[PDB]
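Notes for the one structure printed next.
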Amino acid sequence: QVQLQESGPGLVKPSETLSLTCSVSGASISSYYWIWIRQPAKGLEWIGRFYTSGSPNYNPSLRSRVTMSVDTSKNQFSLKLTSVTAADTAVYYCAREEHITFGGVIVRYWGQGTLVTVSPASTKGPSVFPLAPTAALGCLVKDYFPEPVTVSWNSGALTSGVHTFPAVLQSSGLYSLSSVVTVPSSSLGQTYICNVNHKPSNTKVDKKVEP
Amino acid sequence: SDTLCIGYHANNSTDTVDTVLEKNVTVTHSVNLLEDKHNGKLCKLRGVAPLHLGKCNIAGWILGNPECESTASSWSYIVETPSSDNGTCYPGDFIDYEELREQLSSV
Amino acid sequence: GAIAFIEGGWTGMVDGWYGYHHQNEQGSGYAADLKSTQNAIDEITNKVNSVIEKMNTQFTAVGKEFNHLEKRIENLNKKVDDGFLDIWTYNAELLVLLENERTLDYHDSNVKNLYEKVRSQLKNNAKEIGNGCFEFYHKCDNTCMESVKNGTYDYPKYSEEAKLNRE
Amino acid sequence: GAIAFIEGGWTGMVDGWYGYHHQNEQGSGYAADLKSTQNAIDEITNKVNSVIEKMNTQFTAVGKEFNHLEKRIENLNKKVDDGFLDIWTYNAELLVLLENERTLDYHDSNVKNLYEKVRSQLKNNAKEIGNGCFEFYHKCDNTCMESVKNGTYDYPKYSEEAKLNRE
Amino acid sequence: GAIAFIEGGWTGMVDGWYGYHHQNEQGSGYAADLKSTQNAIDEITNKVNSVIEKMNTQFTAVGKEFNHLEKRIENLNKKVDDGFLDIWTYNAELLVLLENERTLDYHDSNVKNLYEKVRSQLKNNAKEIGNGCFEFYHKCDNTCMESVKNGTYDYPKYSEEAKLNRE
Amino acid sequence: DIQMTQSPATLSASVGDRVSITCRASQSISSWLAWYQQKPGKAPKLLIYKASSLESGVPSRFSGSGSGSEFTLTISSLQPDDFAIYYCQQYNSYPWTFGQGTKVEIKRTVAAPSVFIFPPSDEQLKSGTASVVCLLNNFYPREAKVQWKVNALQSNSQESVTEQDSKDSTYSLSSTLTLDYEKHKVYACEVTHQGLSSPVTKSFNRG
Amino acid sequence: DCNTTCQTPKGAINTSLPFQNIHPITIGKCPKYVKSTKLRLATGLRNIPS
Ligand SMILES: *[C@@H]1O[C@H](CO)[C@@H](O[C@@H]2O[C@H](CO)[C@@H](O)[C@H](O)[C@H]2NC(C)=O)[C@H](O)[C@H]1NC(C)=O
Ligand SMILES: *[C@@H]1O[C@H](CO)[C@@H](O)[C@H](O)[C@H]1NC(C)=O
């Protein structure tokens, strides 16, 4: 076990640089090779590799616009992608390249993944409406940009029977999505609240669903 | 100033192997050829389950000892327990017991 | 005898069994040699897989049961089990001891040949300082450093610049 | 690593396992080295004959017959036949795999030593062009070419003529 | 191939397996190299002790007795004794033949590496006269002769004195 | 530089079937190939490295075969948790390249969808847009027709499907109708699915 | 309800490797019994971090 987390803007307008950062907990960042991989919503593509000491190697299809670096003071590593386009919209992962084994060198540990959108469009904040009611009920997370939005129920307590749908792009150029839950019609006497969080708009917002 | 070296890999590995010239040689990477672990169960051999007689032995089962009133169409091998005592309740000599045993062991 | 004139190994070199460390104006780093590593691993697995996969065993039930009047075949059975035990134990121990010697020799052999291939090209342009390292008389950039690694290094085109520092 | 810096082998060299190809004014041809070949063959036959002749077998009739009430010794007999089968099969496979490695190494070893003996004498009079070949700076006639083969080549008496072309 | 370019061995060198013979103004004598000898002996005993100590035998009474109506198990017993005899005989013969090859190679290997370590340091200050010997161009006293043995010999500080005699 | 060609691209097998995914390299790569399993909204995990070495932690129903130019991932007996996209990847040379993937869905028995209808929130009415939501909960297979009536058909609605349920191999489908709204009284949801004899119609009257 | 190809009175074993030290009495297509405690075949090289 060793943790890797991605952080970065989420939305970065055309022709600009894109920066990402990968915090590592559980291992030294000086003592390993590190790689970046992306995939468009299409297959996986290997971006490149960096080591503190040290010779990088970048994928030729991108090698001219990419740069990598390590930051030993904070155990972080970073990716810079100059002059972005539509093609560059992808989910980016950071991963640890293991010491050579009889395997030899493999990616065992990955990062959770961060989404990156290349649009001139402005960050828009979601609006959340209840879906009033074995019974079903839920929330409509409507009119936002860009993805993603987390949706929990009763602060992550209510796991079972939760269905959160993939967001759809509406004609206005914004995202909409619904998150529904199935609970006993005997058990409505119990309070039901949905927790919706869209980070790149800072829209932390909770909604109670009642009949 | 400008240098270049030739070298080899080292790691945190504590694994020792023996050679004919030298003992306790720590190596980077090694495999084990010796199976030293077992699951602690009596599994199905070739997908076919064994015949487990419980408190009985073969004599007890085959003759129909009254304690053995609790068999499949086939089996891969037979299982007795060290305590398996219910065999021939009336005393006497079981002719070719061991041969019948070898001959009933898989069906 | 290349592993233990090169006393130690590099925990810094993470991406291969064999490789190089360099230093110039542009900078310094460990760089693994994949092709020698790839072969070594491909040949060594073939070795490990030969010791293992070659063992094609017959279906046996080792156990046997005899009565109080068959003590002799009992002991014949036991002699069979114990004779095979002894043969296998001995052979397995030695097979390990001998192939382990060869593996380690092989690894030494590869390093040696890597260092020898380098020394063969550089000739007079560099000084053998011991400890497996070459100290260049001239300036060797990354490109120059690359050509050596993939064995295309051009001796003459630095020697006059190296002759200056040789004196 | 001499067989596969010398990529290939010579179907043109018909009269030995190891040898030489030359070129001068007088002409060019493959010439086998009998003495290295003779030894290699004499030592390798001794090797083959050791694996074979050492097998001195006892007179055995492997077959046995038991009745419907002797199933246990039947299976004891079968255990003996199958245990020996397994031991021999395994050992025979490995013996081959291991001696084959060494044979091929030996052959590589001999070539290497042949090329090294040549390089040792010639020193500066010739250029190592890779591909196992020496390119002479001076004129080397058949006689000169002979002395190298039987290792009596005289370095100094060509170096001044070779120094002219070196520059 | 170092034992039998160095044709023979020294009955004069009494205190080691490997070593040196020298000659200067101060005098001449055989001097053994303890450290290479000590290792060789320590590694070879480990080898001999592996072939021997690894044989951990089970308590057996090989003998058996059968009557005039048990001829078949008699011959089964004999098959067990003779099958093991054959396996052990074969394996023991080969184990010897193969480890003997390697031992002798090892010894050759060590000499070679000793001669190569010397040749590596001396470079141009001495002439390789064949027969394993170096003939110094300059005067090398006992102290100088010592540094070579323990591998600390300083090349430059004799070459100008050796350059005089080189011409 | 080294093309990885995987096959098939989609695959449906029942619980317990044997599944075979095939990968081909444009040039010889010996045994330097791995296999990953990427679950939805997750990092791809390692299953098999060096062509045929089972990752510590991984079930033995997974196996790898091949070397040189042809490679194969087998799942001897498929379980519902095996729903994912599977990727092969070479590490012979730089750059590392991956296959285009293979999506593996689990073929279970037909389950009819329980339908639910959901009127727009009054809160949403105050903003000047109206959304009507149909929910088809826990069914198989994925294919289904959802029709909207006002009792006239609509042309303005979007549908969204969950990924397969990793426990019991189900799907869920939402149909949104975005609308004007206060003009009509009857709003219905015509649900057509192979698990049902006749189409299910869940409706409501505004108020 | 496990499957095995080699059975021992105290447990079943995986037949990956050629040799085993669990028990001399086995049923099936079993690995050859030996009295060793380790049989470790080196794949890597000598680990000397100086
Ligand atoms: C079945 O086996 C059990 C125990 O293995 C027998 O019980 C014992 O029988 C002896 C002989 O009469 C008694 O002295 C002991 O008191 C009994 N021990 C126990 C634990 O009960 C039993 O008799 C056997 N029965 C048959 C029908 O064979
Ligand atoms: C082995 O046992 C399993 C139950 O774990 C069963 O599904 C199967 O039929 C058996 N045989 C096999 C997999 O060949």
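Using ideal geometry, Cβ is built from the backbone for each residue, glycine included, and neighbour counts are taken over all protein chains shown. Any read-out appearing in this document is the output of simple, stated calculations on the displayed coordinates, not a laboratory observation.
Please give the average number of partner chain Cβ atoms lying within 10 Å of the Cβ of each residue in G:3-15, rounded to a whole number.
So the per-residue partner count for this stretch is 6.
Compute the label-point distances linking C:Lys163 to its equivalents in the other copies; points lie 7 Å from Cα along Cα→Cβ; give nm, one decimal, shortest first.
The projected label point of C:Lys163 is separated from its counterparts by 1.4, 1.4 nm.
Report ³J(HN,Hα) in whole Hz for each residue of the range E:150-167, in order, from the Karplus equation J = 6.51 cos²θ - 1.76 cosθ + 1.60 where θ = phi - 60°; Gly and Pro get x.
Values, residue by residue: 8, x, 9, 4, 9, 4, x, 5, 10, 5, 5, 6, 7, 5, 4, 7, 5, 8 Hz.
Please list 3J(HN,Hα) in residue order for the range F:109-116, calculated via the Karplus relation 6.51 cos²θ - 1.76 cosθ + 1.60 where θ = phi - 60°; whole Hz, with x for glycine and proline.
5, 5, 10, 5, x, 6, 8, 9
Say the dipole of chain A comes from +1 at the beta carbon of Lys and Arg and -1 at that of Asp and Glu; which of A:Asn154, A:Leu11, A:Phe129 then lies farthest toward its positive end?
A:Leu11
Starting from the amide H of F:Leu47, placed 1.01 Å from N in the peptide plane, find each other amide H under 5 Å away whose residue is 5 or more places distant or on another chain.
F:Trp35, F:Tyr36, F:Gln37
Under a Cβ-Cβ cut-off of 12 Å, what is the net charge of the residues other than F:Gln100 that fall near it, where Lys and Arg count +1 and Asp and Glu count -1?
Net charge in that neighbourhood comes out at +2.
Apply the a/c threshold of 1.5 to the C-alpha gyration tensor of chain D and tell me whether it is rounded, prolate or oblate.
Because a/c hits 1.5 or more and a/b exceeds b/c, chain D counts as prolate.
Which value at 222 nm does chain D reach when only helices count, each DSSP H run of 4 or more adding -39,500 (n - 2.57), with the total divided by all residues and rounded to the nearest 500 deg cm²/dmol?
Values: 4 runs with 91 residues, N = 167.
Theoretical 222 nm ellipticity from helices: -19000 deg cm²/dmol.
Can you give the charge dipole size of the protein assembly as shown about its Cα centre, rounded to the nearest 20 debye, using +1 on the beta carbon of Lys and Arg and -1 on the beta carbon of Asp and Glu?
Here the protein assembly as shown has a charge dipole of around 3980 debye.
Take the alpha carbon gyration tensor of the range A:68-187, find the square roots of its eigenvalues, order them as a ≥ b ≥ c, and report rounded if a/c is under 1.5; if not, report prolate when a/b exceeds b/c, else oblate.
Here the range A:68-187 falls in the oblate category.
So which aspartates and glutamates can D:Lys112 reach, going by Cα to Cα under 15 Å and dropping same-chain residues fewer than 8 places off?
Within reach: C:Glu116, D:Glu7, D:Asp33, D:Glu128.
Cα-based count: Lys pairs in the range F:1-108 below 22 Å, eight or more positions apart or different chains?
On the way: F:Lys39/F:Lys50; F:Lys39/F:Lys103; F:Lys39/F:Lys107; F:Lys42/F:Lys103; F:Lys45/F:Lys103.
Taking the Cα cut-off of 22 Å, the pair count is 5.
Using a/c under 1.5 as the rounded threshold, could you call the protein assembly as shown rounded, prolate or oblate? The axes a ≥ b ≥ c are square roots of the C-alpha gyration tensor eigenvalues, and prolate needs a/b larger than b/c, oblate otherwise.
Details: a/c = 2.88, a/b = 1.30, b/c = 2.22.
In terms of gyration-tensor shape, oblate.
Treat every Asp and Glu Cβ in the range F:1-108 as -1 and every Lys and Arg Cβ as +1, leave all other atoms uncharged, and give the resulting dipole magnitude about the Cα centre to the nearest 20 debye.
Roughly 200 debye, rounded to the nearest 20.
Just checking chain B: which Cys have no other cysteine's beta-carbon under 4.7 Å?
Unpaired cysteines in chain B: B:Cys89.
Give a residue-ordered list of calculated ³J(HN,Hα) values for the range B:102-107 (Karplus: 6.51 cos²θ - 1.76 cosθ + 1.60, θ = phi - 60°; whole Hz; x for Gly, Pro).
3J(HN,Hα) across the range B:102-107, in whole Hz: 4, 7, 9, 5, 8, 9.
Could you work out how far the C-alpha centroid of the range C:141-166 sits from that of the range E:124-141, in angstrom?
The range C:141-166 and the range E:124-141 have Cα centres spaced 31 Å from each other.
So which of E:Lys78/G:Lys10; C:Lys149/E:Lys149; A:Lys204/F:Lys126; C:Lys157/D:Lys149; E:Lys117/E:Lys139 end up more than 30 Å apart by C-alpha?
With Cα atoms farther than 30 Å apart: E:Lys78/G:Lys10; C:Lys149/E:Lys149; C:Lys157/D:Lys149.
Along Cα-to-Cβ, 7 Å out, sits the label point; list in nm, shortest first, how far the one on C:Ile129 is from those in the other copies.
Label point to label point, same position, other copies: 3.7, 3.7 nm.
Taking the label point as lying 7 angstrom from Cα along the Cα-to-Cβ axis, what are the distances from E:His107 to the corresponding position in the remaining copies, in ascending order and in nanometres?
Listed shortest first, these distances are 2.9, 2.9 nm.
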